[PDB]
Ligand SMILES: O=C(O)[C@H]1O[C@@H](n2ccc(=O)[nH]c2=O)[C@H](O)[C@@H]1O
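This document opens with one chain alone, in structure tokens, the form solved without the named molecule.
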């Protein structure tokens, strides 16, 4: 059994202004990924099946959850139910849990967000 996954062996890419680290573990109950963000996630989306739970390792930002501003800082936990519109601005390092496991078929695009809208 493979228990340990490393950053060296992960898939690392930029998506809508964030840097994602996808470790490549397979577990139907949850997908855990790393997110690094310099200014924002410049796209609003929702997921019809999975909750999105962000742990803020470091930094400061603001989530927009169904257009409601939710400030976030280091050590905060942001828990987003399924079918909730999400975007965010900030300079932050985060651990993101998607539960149950992320499936691209469950994701929906709402709108792009102008890069000038981030105060970071």
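Residue numbers count along the first chain shown, from 1.
In this entry, the higher average B-factor at the C-alpha atoms falls on 14-22, of the pair 94-102 and 14-22.
The PDB entry records a higher mean C-alpha B factor for 23-31 than for its counterpart among 82-90 and 23-31. Sort the modelled residues of the chain by CA B factor and residue 76 lands in the middle third. When the modelled residues of the chain are ordered by C-alpha B-factor, residue 66 sits in the middle third.
Beyond what is shown, the protein has a form solved in complex with the named molecule; the following relates to that form.
Annotation: in the deposited complex, residues 20, 45 and 98 each come within 4.5 Å of the named molecule through at least one heavy atom.
When contacts are judged by a 4.5 Å heavy atom cut-off, residue 9 does not count as touching the named molecule in the deposited complex. A residue is said to contact a partner when one of its heavy atoms sits within 4.5 Å of a partner heavy atom; residue 62 fails this definition for the named molecule in the deposited complex, lying far away. Among residues of the shown chain, residue 78 is not one whose heavy atoms approach the named molecule to within 4.5 Å in the deposited complex. In the deposited complex, residue 52 approaches the named molecule with a heavy atom inside 4.5 Å. The single residue of 61-88 lying near the named molecule in the deposited complex is 88, the criterion being any heavy atom within 4.5 Å.
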